[PDB]
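Notes to accompany the following structure.
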Amino acid sequence: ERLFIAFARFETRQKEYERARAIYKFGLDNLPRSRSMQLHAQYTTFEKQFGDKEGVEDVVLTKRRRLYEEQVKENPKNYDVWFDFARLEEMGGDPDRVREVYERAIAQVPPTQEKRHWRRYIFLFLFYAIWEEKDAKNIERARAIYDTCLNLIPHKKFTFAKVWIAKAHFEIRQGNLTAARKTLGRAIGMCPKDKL
Amino acid sequence: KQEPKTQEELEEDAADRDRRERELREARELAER
Amino acid sequence: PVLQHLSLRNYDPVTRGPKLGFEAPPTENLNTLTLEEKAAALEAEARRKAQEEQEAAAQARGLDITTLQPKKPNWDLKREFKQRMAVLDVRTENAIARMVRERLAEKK
Amino acid sequence: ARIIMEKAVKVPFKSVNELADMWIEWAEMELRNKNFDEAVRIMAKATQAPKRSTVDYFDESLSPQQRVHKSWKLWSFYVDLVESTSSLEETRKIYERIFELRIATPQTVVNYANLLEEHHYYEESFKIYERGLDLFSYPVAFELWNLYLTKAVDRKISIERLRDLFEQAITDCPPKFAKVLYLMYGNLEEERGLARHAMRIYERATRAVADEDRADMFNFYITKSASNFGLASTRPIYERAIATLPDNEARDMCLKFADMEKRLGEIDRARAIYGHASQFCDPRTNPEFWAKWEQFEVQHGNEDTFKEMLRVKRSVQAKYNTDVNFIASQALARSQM
Amino acid sequence: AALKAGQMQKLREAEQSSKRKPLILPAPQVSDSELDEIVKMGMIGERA
């Protein structure tokens, strides 16, 4: 990769800017991902040094996505890193990537039955549902996600009133007042909460 | 004394203003064509 | 004419040469707070805050419920939740508003 | 007059500053007679060198007619004249010629971006800050990092852009700037990010700061963890600080850890903490710690624990009866008087 | 004598980074679940 680094920096030094972009892109294409991290970092430096806004955003997004994927592979239990990666994907604007990241985060179920871990998982599910409703505009997908979260919720051990409140708010936004009342009654029967 | 919280709009980068002006000029050229 | 035909940003006419950033740094000309004196502000803030908790512990007999847990955990996730609620509750209150309108339409 | 001073330009003076004076008084003569475009043409003729000029300015073997395009006086006065007379495109071209000629200064980078910011080109100002950061290694590049990070958090660009920007800044920094750099990356992670992010950043900040200010960095970490989460979260910071710090700072951290455990009431753990501190403390050189331990014992302890503390004091005092420690004890004893 | 003792205390400081018996902290008599219990009981009291 250092050959491409020095060649691109030389063509930068000659102010042949597009040629340097060509070297950088060709290096980032025909190299493995495990041997182009320095090339990728120098590309991000060059792009947000000399490129336009869209190119700088794209290069920073690619570097941040690679770093977040490496951090997630290092420790899949870091739900904060998963939330940050999902936020980066949501800012990127790719709905397929956002759905894939949400599914990958949903697959990482919390092993412990602690209140904090369940709260973090429920917050991740609520954020994914909010991203699906606000951007993807798939009300059926949001309802399915809420149903999956309610089914995966260990209500016999610990109940999350915020998830039920969010489901009721989504149903009220959808106009299904009777379904919201039925969900509220089912939640009260399963676990009556003062906040609920 | 309370500071006057005026509506300080975010000063748009002149690259963005130039992009908007170029889009308006392109729309005018397309309408003329 | 010099002081109206030179921008006085790179040339120093009193010495018949360029401006010396050694003598005149650009750090004093900012209208904002430079990155060096901030975090000195943060260090000072943490310092007198810390002496405030140690004098509060000295004057008190023991722990109160607001000094071991000043705020509940996962508070920043909730901060993100309300900064999404900043538009989600807006169209939610618009929702409850217009259903109030048709419900008042059938009740009348 | 223009003819004879053209001949003056032809004169090979002893010093390049003299021919610099010729060119600046040519432009000055033109600007008094309201010939600003003519003055721009004159000093465009002055610094006529190809795109691959690399001659030495101080080389007193070439004629000064050719080693004058790399003189900062002509370029500074020229670009002020262009800025006060011509439009933005020509001034950007002239700064680009400065950066190509490899004579630019950090002051010149800041001047580039200040010119852009007065014309509300904020993104190009960020671009020229980090181009200057690419050109200047790091003990030069702390000033550019100060201004660039301040203006980047001023404009409030995207959060991943700021994260990658600080990760670029922190990469090869000396500790003496790492303190400030980590302080703002933790500060921004608290302000517009997540709390556990800021916690891990303060942790590796304690890891990557200088020896002289490591203790204050653990102090900031402890205060922020106490303000953020419970003191049970602040315990692992405490035993890590005991594990890594030198003896005096470890003593201070150990005393504060004992204070926190006495505040919580688990005085058995505080007694074990005091025992460890007594293991790395000298009675005849550090008497105040032993006085504090006796004070803790008379508030919380019995005759058995007091006898244990006498036994540990006698054993430690016997242990430190080496020649070098006796020398240090007498040195400090006669130093305090 | 001062410089020789400076060398000697540099060697002593080199020894000082390795003789550290690690702080074997005792297990606390209360665990964090009961701490959270105290937190929510105090929260209930202050909210009342």
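A note on labels: chains of the structure tokens are A, B, ... as shown, every chain counts residues from 1, and ligands are counted from 1 in their shown order.
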
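For range 8-20 of chain B, the non-local neighbours within 12 Å, defined as residues at least 2 positions apart in the same chain or in other chains and counting only C-alpha atoms, are residues 52, 53 and 54 of chain A; 4, 5, 6, 22, 23, 24, 25, 26 and 27 of chain B; 116, 117, 118, 119, 120, 121, 122, 123, 124, 125, 126, 154, 155, 156 and 157 of chain D.
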
Contact residues (chain E, partner chain D, 7 Å, only C-alpha atoms) as a list in words: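 Filtering chain E at 7 Å from chain D with only C-alpha atoms gives residues 23, 25, 26 and 28 of chain E.
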
Contact residues around residue 77 in chain D with only C-alpha atoms at 10 Å, ignoring same-chain residues under 3 positions, as a list in words: residues 6, 7, 8, 9, 10, 11, 12, 13, 16, 17, 18 and 19 of chain C; 24, 27, 43, 72, 73, 74, 80, 81, 82 and 83 of chain D

Write the residues you've just listed into a file as an mmCIF file, in the first residue's frame, and include N, CA and C atoms for each of them.
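Printed below is part36.cif as written:
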```
data_model
loop_
_atom_site.group_PDB
_atom_site.id
_atom_site.type_symbol
_atom_site.label_atom_id
_atom_site.label_comp_id
_atom_site.auth_asym_id
_atom_site.auth_seq_id
_atom_site.Cartn_x
_atom_site.Cartn_y
_atom_site.Cartn_z
ATOM 1 N N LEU C 6 -3.665 48.308 1.442
ATOM 2 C CA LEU C 6 -3.154 47.040 1.931
ATOM 3 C C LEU C 6 -4.106 46.501 2.985
ATOM 4 N N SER C 7 -4.338 45.193 2.943
ATOM 5 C CA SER C 7 -5.271 44.583 3.876
ATOM 6 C C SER C 7 -4.708 44.457 5.282
ATOM 7 N N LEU C 8 -3.406 44.710 5.461
ATOM 8 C CA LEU C 8 -2.738 44.710 6.765
ATOM 9 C C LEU C 8 -2.842 43.358 7.462
ATOM 10 N N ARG C 9 -2.958 42.287 6.681
ATOM 11 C CA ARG C 9 -3.053 40.942 7.227
ATOM 12 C C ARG C 9 -1.752 40.168 7.108
ATOM 13 N N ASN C 10 -0.904 40.527 6.147
ATOM 14 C CA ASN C 10 0.368 39.858 5.955
ATOM 15 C C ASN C 10 1.556 40.803 5.887
ATOM 16 N N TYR C 11 1.340 42.096 5.676
ATOM 17 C CA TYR C 11 2.428 43.057 5.567
ATOM 18 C C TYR C 11 2.399 44.015 6.748
ATOM 19 N N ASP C 12 3.570 44.277 7.317
ATOM 20 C CA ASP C 12 3.711 45.225 8.414
ATOM 21 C C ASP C 12 4.446 46.459 7.916
ATOM 22 N N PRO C 13 3.756 47.580 7.684
ATOM 23 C CA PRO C 13 4.421 48.729 7.059
ATOM 24 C C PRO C 13 5.353 49.484 7.984
ATOM 25 N N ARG C 16 8.551 47.851 7.394
ATOM 26 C CA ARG C 16 8.804 47.705 5.954
ATOM 27 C C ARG C 16 9.019 46.229 5.601
ATOM 28 N N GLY C 17 8.208 45.367 6.208
ATOM 29 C CA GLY C 17 8.325 43.943 6.011
ATOM 30 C C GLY C 17 7.029 43.216 6.298
ATOM 31 N N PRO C 18 7.080 41.889 6.332
ATOM 32 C CA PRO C 18 5.872 41.112 6.614
ATOM 33 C C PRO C 18 5.509 41.171 8.086
ATOM 34 N N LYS C 19 4.268 40.797 8.378
ATOM 35 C CA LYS C 19 3.842 40.699 9.765
ATOM 36 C C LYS C 19 4.535 39.527 10.442
ATOM 37 N N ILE D 24 8.959 46.542 -4.230
ATOM 38 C CA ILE D 24 7.876 47.102 -3.429
ATOM 39 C C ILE D 24 7.730 48.600 -3.677
ATOM 40 N N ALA D 27 5.719 48.917 -6.999
ATOM 41 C CA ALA D 27 4.286 48.800 -6.755
ATOM 42 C C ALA D 27 3.757 49.983 -5.953
ATOM 43 N N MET D 43 4.350 43.420 -9.882
ATOM 44 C CA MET D 43 4.847 42.390 -8.980
ATOM 45 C C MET D 43 4.482 40.977 -9.412
ATOM 46 N N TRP D 72 9.841 36.505 1.272
ATOM 47 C CA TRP D 72 8.531 36.621 1.891
ATOM 48 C C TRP D 72 8.013 38.051 1.902
ATOM 49 N N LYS D 73 8.895 39.040 1.757
ATOM 50 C CA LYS D 73 8.466 40.436 1.776
ATOM 51 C C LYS D 73 7.613 40.772 0.558
ATOM 52 N N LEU D 74 8.098 40.407 -0.639
ATOM 53 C CA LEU D 74 7.346 40.653 -1.866
ATOM 54 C C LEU D 74 6.009 39.945 -1.832
ATOM 55 N N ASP D 80 -1.324 41.195 0.183
ATOM 56 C CA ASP D 80 -2.155 42.235 0.782
ATOM 57 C C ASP D 80 -2.694 43.196 -0.272
ATOM 58 N N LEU D 81 -1.871 43.544 -1.264
ATOM 59 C CA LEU D 81 -2.332 44.410 -2.346
ATOM 60 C C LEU D 81 -3.429 43.742 -3.167
ATOM 61 N N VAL D 82 -3.270 42.450 -3.461
ATOM 62 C CA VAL D 82 -4.277 41.728 -4.233
ATOM 63 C C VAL D 82 -5.573 41.607 -3.440
ATOM 64 N N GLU D 83 -5.468 41.335 -2.135
ATOM 65 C CA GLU D 83 -6.653 41.228 -1.291
ATOM 66 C C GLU D 83 -7.393 42.556 -1.192
#
```

Check: which chain C residues lie within 10 Å of chain D using only C-alpha atoms, as a PyMOL selection string: chain C and resi 1-13+16-22+24-27+30+32-40+42-43+46-47+49-50+53+57+61-63+67-77+79-80

Export of the given selection (C-alpha atoms) as an mmCIF file, in the first residue's frame:
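What ended up in part.cif:
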```cif
data_model
loop_
_atom_site.group_PDB
_atom_site.id
_atom_site.type_symbol
_atom_site.label_atom_id
_atom_site.label_comp_id
_atom_site.auth_asym_id
_atom_site.auth_seq_id
_atom_site.Cartn_x
_atom_site.Cartn_y
_atom_site.Cartn_z
ATOM 1 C CA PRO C 1 -2.734 55.252 0.697
ATOM 2 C CA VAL C 2 -1.036 52.160 2.203
ATOM 3 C CA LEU C 3 -3.452 51.700 5.137
ATOM 4 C CA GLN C 4 -6.318 51.787 2.640
ATOM 5 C CA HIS C 5 -4.694 49.804 -0.184
ATOM 6 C CA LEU C 6 -3.154 47.040 1.931
ATOM 7 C CA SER C 7 -5.271 44.583 3.876
ATOM 8 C CA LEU C 8 -2.738 44.710 6.765
ATOM 9 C CA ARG C 9 -3.053 40.942 7.227
ATOM 10 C CA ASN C 10 0.368 39.858 5.955
ATOM 11 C CA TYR C 11 2.428 43.057 5.567
ATOM 12 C CA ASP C 12 3.711 45.225 8.414
ATOM 13 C CA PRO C 13 4.421 48.729 7.059
ATOM 14 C CA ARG C 16 8.804 47.705 5.954
ATOM 15 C CA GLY C 17 8.325 43.943 6.011
ATOM 16 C CA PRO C 18 5.872 41.112 6.614
ATOM 17 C CA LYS C 19 3.842 40.699 9.765
ATOM 18 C CA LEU C 20 5.623 38.713 12.472
ATOM 19 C CA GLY C 21 3.395 36.054 13.997
ATOM 20 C CA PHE C 22 6.118 35.665 16.614
ATOM 21 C CA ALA C 24 1.784 39.349 16.933
ATOM 22 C CA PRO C 25 0.125 35.931 17.148
ATOM 23 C CA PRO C 26 -3.330 35.443 15.611
ATOM 24 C CA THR C 27 -4.543 33.830 18.852
ATOM 25 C CA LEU C 30 -10.459 35.608 17.695
ATOM 26 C CA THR C 32 -14.418 33.057 20.046
ATOM 27 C CA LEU C 33 -12.800 30.966 22.770
ATOM 28 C CA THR C 34 -9.576 29.297 21.630
ATOM 29 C CA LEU C 35 -8.834 25.664 22.405
ATOM 30 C CA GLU C 36 -6.034 26.353 24.899
ATOM 31 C CA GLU C 37 -7.833 28.566 27.430
ATOM 32 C CA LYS C 38 -10.832 26.323 27.212
ATOM 33 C CA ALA C 39 -10.024 23.056 29.047
ATOM 34 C CA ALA C 40 -8.240 25.383 31.400
ATOM 35 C CA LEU C 42 -12.834 22.914 32.309
ATOM 36 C CA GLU C 43 -9.985 22.141 34.727
ATOM 37 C CA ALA C 46 -13.790 20.550 37.873
ATOM 38 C CA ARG C 47 -11.444 21.901 40.560
ATOM 39 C CA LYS C 49 -16.686 21.711 41.834
ATOM 40 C CA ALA C 50 -14.517 19.054 43.507
ATOM 41 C CA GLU C 53 -18.210 18.143 47.042
ATOM 42 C CA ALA C 57 -18.970 15.818 52.589
ATOM 43 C CA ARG C 61 -22.613 13.403 58.531
ATOM 44 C CA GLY C 62 -22.696 10.953 55.636
ATOM 45 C CA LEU C 63 -24.085 10.116 52.234
ATOM 46 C CA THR C 67 -24.430 12.296 46.020
ATOM 47 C CA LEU C 68 -23.750 8.632 45.265
ATOM 48 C CA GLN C 69 -26.258 8.588 42.382
ATOM 49 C CA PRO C 70 -26.669 12.201 41.202
ATOM 50 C CA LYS C 71 -28.687 10.983 38.211
ATOM 51 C CA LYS C 72 -30.117 7.693 37.020
ATOM 52 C CA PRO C 73 -28.095 5.523 34.606
ATOM 53 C CA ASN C 74 -28.705 5.470 30.844
ATOM 54 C CA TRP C 75 -29.578 9.157 31.126
ATOM 55 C CA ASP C 76 -27.928 10.114 27.826
ATOM 56 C CA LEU C 77 -29.927 7.463 25.955
ATOM 57 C CA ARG C 79 -31.533 12.545 26.255
ATOM 58 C CA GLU C 80 -31.363 11.117 22.733
#
```

Where does chain A meet chain C within 9 Å, residue by residue, with the nearest atom pair and distance in Å to one decimal for each, counting only C-alpha atoms, listed by chain and rising number, as JSON lines?
```
{"residue": "A:116", "atom": "CA", "partner": "C:74", "partner_atom": "CA", "distance": 8.0}
{"residue": "A:119", "atom": "CA", "partner": "C:74", "partner_atom": "CA", "distance": 8.3}
{"residue": "A:120", "atom": "CA", "partner": "C:74", "partner_atom": "CA", "distance": 7.9}
{"residue": "A:123", "atom": "CA", "partner": "C:77", "partner_atom": "CA", "distance": 7.5}
{"residue": "A:127", "atom": "CA", "partner": "C:81", "partner_atom": "CA", "distance": 8.1}
{"residue": "A:130", "atom": "CA", "partner": "C:84", "partner_atom": "CA", "distance": 8.6}
{"residue": "A:134", "atom": "CA", "partner": "C:88", "partner_atom": "CA", "distance": 9.0}
{"residue": "A:169", "atom": "CA", "partner": "C:92", "partner_atom": "CA", "distance": 7.3}
{"residue": "A:170", "atom": "CA", "partner": "C:92", "partner_atom": "CA", "distance": 8.8}
{"residue": "A:172", "atom": "CA", "partner": "C:95", "partner_atom": "CA", "distance": 7.4}
{"residue": "A:173", "atom": "CA", "partner": "C:95", "partner_atom": "CA", "distance": 6.2}
{"residue": "A:175", "atom": "CA", "partner": "C:95", "partner_atom": "CA", "distance": 8.4}
```

Output file for the selection above: N, CA, C and O atoms, as a compact mmCIF listing (two decimals), in the first residue's frame:
```
# COMPACT_ATOMS: atom_id res chain seq x y z
N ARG A 116 -30.36 -3.22 33.33
CA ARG A 116 -29.63 -2.29 32.48
C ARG A 116 -29.44 -2.84 31.07
O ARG A 116 -29.59 -2.11 30.09
N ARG A 119 -32.75 -2.77 29.36
CA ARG A 119 -33.06 -1.38 29.02
C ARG A 119 -32.28 -0.92 27.79
O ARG A 119 -32.83 -0.23 26.93
N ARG A 120 -31.00 -1.30 27.70
CA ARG A 120 -30.21 -0.95 26.53
C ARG A 120 -30.74 -1.61 25.26
O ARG A 120 -30.83 -0.97 24.21
N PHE A 123 -33.94 0.10 24.29
CA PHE A 123 -33.66 1.40 23.71
C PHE A 123 -33.17 1.26 22.27
O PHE A 123 -33.53 2.06 21.40
N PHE A 127 -35.10 2.76 19.06
CA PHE A 127 -34.42 3.61 18.09
C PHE A 127 -34.54 3.05 16.68
O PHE A 127 -34.75 3.81 15.73
N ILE A 130 -38.05 3.73 15.51
CA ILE A 130 -38.23 5.14 15.21
C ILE A 130 -37.57 5.50 13.88
O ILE A 130 -38.09 6.31 13.11
N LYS A 134 -39.77 6.94 10.83
CA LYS A 134 -39.52 8.31 10.39
C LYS A 134 -38.94 8.37 8.99
O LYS A 134 -39.24 9.30 8.23
N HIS A 169 -48.00 5.07 21.57
CA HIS A 169 -47.84 6.31 20.81
C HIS A 169 -47.82 6.04 19.31
O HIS A 169 -48.40 6.80 18.53
N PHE A 170 -47.16 4.95 18.89
CA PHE A 170 -47.16 4.58 17.47
C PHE A 170 -48.55 4.20 16.99
O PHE A 170 -48.94 4.53 15.87
N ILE A 172 -51.36 5.34 18.29
CA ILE A 172 -52.13 6.57 18.27
C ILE A 172 -51.79 7.39 17.03
O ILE A 172 -52.66 8.04 16.44
N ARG A 173 -50.52 7.39 16.63
CA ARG A 173 -50.13 8.02 15.37
C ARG A 173 -50.74 7.29 14.18
O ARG A 173 -51.10 7.93 13.18
N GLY A 175 -53.61 5.83 14.29
CA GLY A 175 -55.05 5.99 14.37
C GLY A 175 -55.81 4.82 14.94
O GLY A 175 -57.04 4.91 15.08
```

Pull out every residue of chain E sitting within 12 Å of chain C, counting only C-alpha atoms, and send them as a short mmCIF file (atom, residue, chain, number, x, y, z; two decimals) with C-alpha atoms, in the first residue's frame.
```cif
data_model
loop_
_atom_site.label_atom_id
_atom_site.label_comp_id
_atom_site.auth_asym_id
_atom_site.auth_seq_id
_atom_site.Cartn_x
_atom_site.Cartn_y
_atom_site.Cartn_z
CA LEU E 35 -26.99 -0.25 46.11
CA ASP E 36 -29.58 0.15 43.34
CA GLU E 37 -32.23 -0.89 45.87
CA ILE E 38 -31.09 1.94 48.15
CA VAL E 39 -31.11 4.29 45.14
CA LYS E 40 -34.71 3.54 44.17
CA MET E 41 -35.95 3.56 47.78
CA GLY E 42 -34.36 6.98 48.26
CA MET E 43 -35.81 8.08 44.92
CA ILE E 44 -39.27 6.95 46.09
CA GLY E 45 -38.83 8.86 49.35
CA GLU E 46 -37.64 12.07 47.70
CA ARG E 47 -40.38 11.84 45.06
#
```

Within 10 Å of residue 132 in chain A using only C-alpha atoms, minus same-chain residues under 3 positions, as a list in words: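 In the requested format, the answer is residues 90, 95, 98, 99, 102, 126, 127, 128, 129, 135, 136, 137, 138, 139, 140, 141, 142 and 145 of chain A.
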
Take the residues that were just selected and, keeping N, CA and C atoms, output them as an mmCIF file, in the first residue's frame.
```cif
data_model
loop_
_atom_site.group_PDB
_atom_site.id
_atom_site.type_symbol
_atom_site.label_atom_id
_atom_site.label_comp_id
_atom_site.auth_asym_id
_atom_site.auth_seq_id
_atom_site.Cartn_x
_atom_site.Cartn_y
_atom_site.Cartn_z
ATOM 1 N N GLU A 90 -27.844 5.613 9.443
ATOM 2 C CA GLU A 90 -29.033 6.440 9.250
ATOM 3 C C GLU A 90 -28.677 7.790 8.643
ATOM 4 N N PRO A 95 -31.200 2.755 3.176
ATOM 5 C CA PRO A 95 -32.175 2.010 3.984
ATOM 6 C C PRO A 95 -31.844 0.535 4.112
ATOM 7 N N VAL A 98 -29.197 0.306 6.781
ATOM 8 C CA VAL A 98 -29.801 0.559 8.086
ATOM 9 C C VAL A 98 -30.581 -0.659 8.563
ATOM 10 N N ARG A 99 -31.336 -1.291 7.659
ATOM 11 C CA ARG A 99 -32.080 -2.495 8.014
ATOM 12 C C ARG A 99 -31.145 -3.644 8.371
ATOM 13 N N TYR A 102 -29.720 -2.907 11.812
ATOM 14 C CA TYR A 102 -30.740 -3.131 12.830
ATOM 15 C C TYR A 102 -30.966 -4.618 13.069
ATOM 16 N N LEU A 126 -36.236 0.457 20.202
ATOM 17 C CA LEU A 126 -37.053 1.653 20.025
ATOM 18 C C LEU A 126 -36.425 2.610 19.021
ATOM 19 N N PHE A 127 -35.098 2.761 19.063
ATOM 20 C CA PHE A 127 -34.416 3.612 18.094
ATOM 21 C C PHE A 127 -34.539 3.052 16.681
ATOM 22 N N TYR A 128 -34.419 1.728 16.531
ATOM 23 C CA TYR A 128 -34.575 1.113 15.215
ATOM 24 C C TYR A 128 -35.993 1.287 14.686
ATOM 25 N N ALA A 129 -36.991 1.131 15.559
ATOM 26 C CA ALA A 129 -38.377 1.335 15.150
ATOM 27 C C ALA A 129 -38.639 2.789 14.774
ATOM 28 N N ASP A 135 -38.114 7.389 8.607
ATOM 29 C CA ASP A 135 -37.402 7.429 7.336
ATOM 30 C C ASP A 135 -37.950 6.420 6.335
ATOM 31 N N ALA A 136 -38.006 5.137 6.703
ATOM 32 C CA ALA A 136 -38.475 4.120 5.771
ATOM 33 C C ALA A 136 -39.982 4.175 5.558
ATOM 34 N N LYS A 137 -40.725 4.755 6.507
ATOM 35 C CA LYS A 137 -42.181 4.923 6.435
ATOM 36 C C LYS A 137 -42.910 3.594 6.243
ATOM 37 N N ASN A 138 -42.409 2.535 6.872
ATOM 38 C CA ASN A 138 -43.035 1.215 6.815
ATOM 39 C C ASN A 138 -43.706 0.972 8.163
ATOM 40 N N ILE A 139 -45.001 1.292 8.231
ATOM 41 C CA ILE A 139 -45.752 1.133 9.473
ATOM 42 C C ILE A 139 -45.902 -0.337 9.836
ATOM 43 N N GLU A 140 -46.052 -1.207 8.833
ATOM 44 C CA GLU A 140 -46.144 -2.641 9.095
ATOM 45 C C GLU A 140 -44.844 -3.182 9.675
ATOM 46 N N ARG A 141 -43.703 -2.719 9.156
ATOM 47 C CA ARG A 141 -42.416 -3.139 9.698
ATOM 48 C C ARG A 141 -42.230 -2.644 11.127
ATOM 49 N N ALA A 142 -42.682 -1.420 11.414
ATOM 50 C CA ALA A 142 -42.607 -0.897 12.775
ATOM 51 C C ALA A 142 -43.490 -1.696 13.725
ATOM 52 N N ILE A 145 -41.766 -4.978 14.364
ATOM 53 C CA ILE A 145 -40.639 -4.789 15.271
ATOM 54 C C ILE A 145 -41.124 -4.624 16.705
#
```

Residues of chain A near chain D: apply a cut-off of 8 Å, count only C-alpha atoms, and supply the list as a PDB file with N, CA, C and O atoms, in the first residue's frame.
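To be explicit, this is the file written out as selection_4.pdb:
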```
ATOM      1  N   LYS A  48     -11.079  14.936   2.452  1.00  0.00           N
ATOM      2  CA  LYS A  48     -11.573  16.082   3.213  1.00  0.00           C
ATOM      3  C   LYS A  48     -10.538  17.191   3.326  1.00  0.00           C
ATOM      4  O   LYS A  48     -10.769  18.166   4.037  1.00  0.00           O
ATOM      5  N   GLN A  49      -9.390  17.042   2.653  1.00  0.00           N
ATOM      6  CA  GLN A  49      -8.426  18.125   2.502  1.00  0.00           C
ATOM      7  C   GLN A  49      -8.653  18.893   1.208  1.00  0.00           C
ATOM      8  O   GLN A  49      -8.557  20.121   1.182  1.00  0.00           O
ATOM      9  N   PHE A  50      -8.962  18.181   0.126  1.00  0.00           N
ATOM     10  CA  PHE A  50      -9.007  18.728  -1.227  1.00  0.00           C
ATOM     11  C   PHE A  50     -10.313  18.508  -1.969  1.00  0.00           C
ATOM     12  O   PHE A  50     -10.573  19.237  -2.932  1.00  0.00           O
ATOM     13  N   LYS A  53     -17.741  18.583  -0.547  1.00  0.00           N
ATOM     14  CA  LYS A  53     -18.453  18.186   0.664  1.00  0.00           C
ATOM     15  C   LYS A  53     -18.980  16.760   0.568  1.00  0.00           C
ATOM     16  O   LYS A  53     -18.860  15.981   1.522  1.00  0.00           O
ATOM     17  N   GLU A  57     -17.731  13.703   2.946  1.00  0.00           N
ATOM     18  CA  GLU A  57     -18.701  12.966   3.746  1.00  0.00           C
ATOM     19  C   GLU A  57     -18.673  11.481   3.420  1.00  0.00           C
ATOM     20  O   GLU A  57     -18.740  10.644   4.324  1.00  0.00           O
ATOM     21  N   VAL A  60     -15.348   9.948   4.894  1.00  0.00           N
ATOM     22  CA  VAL A  60     -15.426   9.857   6.348  1.00  0.00           C
ATOM     23  C   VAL A  60     -16.426   8.788   6.760  1.00  0.00           C
ATOM     24  O   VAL A  60     -16.209   8.067   7.739  1.00  0.00           O
ATOM     25  N   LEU A  61     -17.524   8.653   6.006  1.00  0.00           N
ATOM     26  CA  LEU A  61     -18.510   7.620   6.300  1.00  0.00           C
ATOM     27  C   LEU A  61     -17.937   6.226   6.090  1.00  0.00           C
ATOM     28  O   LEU A  61     -18.191   5.326   6.894  1.00  0.00           O
ATOM     29  N   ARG A  64     -15.453   5.573   8.989  1.00  0.00           N
ATOM     30  CA  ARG A  64     -16.165   5.367  10.242  1.00  0.00           C
ATOM     31  C   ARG A  64     -16.909   4.040  10.247  1.00  0.00           C
ATOM     32  O   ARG A  64     -16.967   3.366  11.279  1.00  0.00           O
ATOM     33  N   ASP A  80     -23.436   0.398  22.740  1.00  0.00           N
ATOM     34  CA  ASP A  80     -23.189   1.794  22.389  1.00  0.00           C
ATOM     35  C   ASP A  80     -22.540   1.911  21.016  1.00  0.00           C
ATOM     36  O   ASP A  80     -22.892   2.797  20.225  1.00  0.00           O
ATOM     37  N   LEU A  88     -24.718   6.263  12.260  1.00  0.00           N
ATOM     38  CA  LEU A  88     -23.925   6.582  11.078  1.00  0.00           C
ATOM     39  C   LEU A  88     -24.600   6.081   9.808  1.00  0.00           C
ATOM     40  O   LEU A  88     -24.613   6.777   8.787  1.00  0.00           O
TER      41      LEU A  88
END
```

DSSP alpha helix (DSSP H) residues within range 26-103 of chain C, listed as a PyMOL selection string: chain C and resi 40-59+65-68+75-103

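Going from CA of residue 83 in chain C to CA of residue 59 in chain A covers 27.5 Å.
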
Chain C: residues DSSP assigns to strand (DSSP E or B), reported as a PyMOL selection string: chain C and resi 11-12+17-18

Selection to disk with N, CA and C atoms, as a tab-separated table (two decimals), in the first residue's frame:
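Below is the file result03.tsv, written as the result:
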```
chain	number	residue	atom	x	y	z
C	11	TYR	N	1.34	42.10	5.68
C	11	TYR	CA	2.43	43.06	5.57
C	11	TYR	C	2.40	44.01	6.75
C	12	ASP	N	3.57	44.28	7.32
C	12	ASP	CA	3.71	45.23	8.41
C	12	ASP	C	4.45	46.46	7.92
C	17	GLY	N	8.21	45.37	6.21
C	17	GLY	CA	8.33	43.94	6.01
C	17	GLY	C	7.03	43.22	6.30
C	18	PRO	N	7.08	41.89	6.33
C	18	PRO	CA	5.87	41.11	6.61
C	18	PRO	C	5.51	41.17	8.09
```
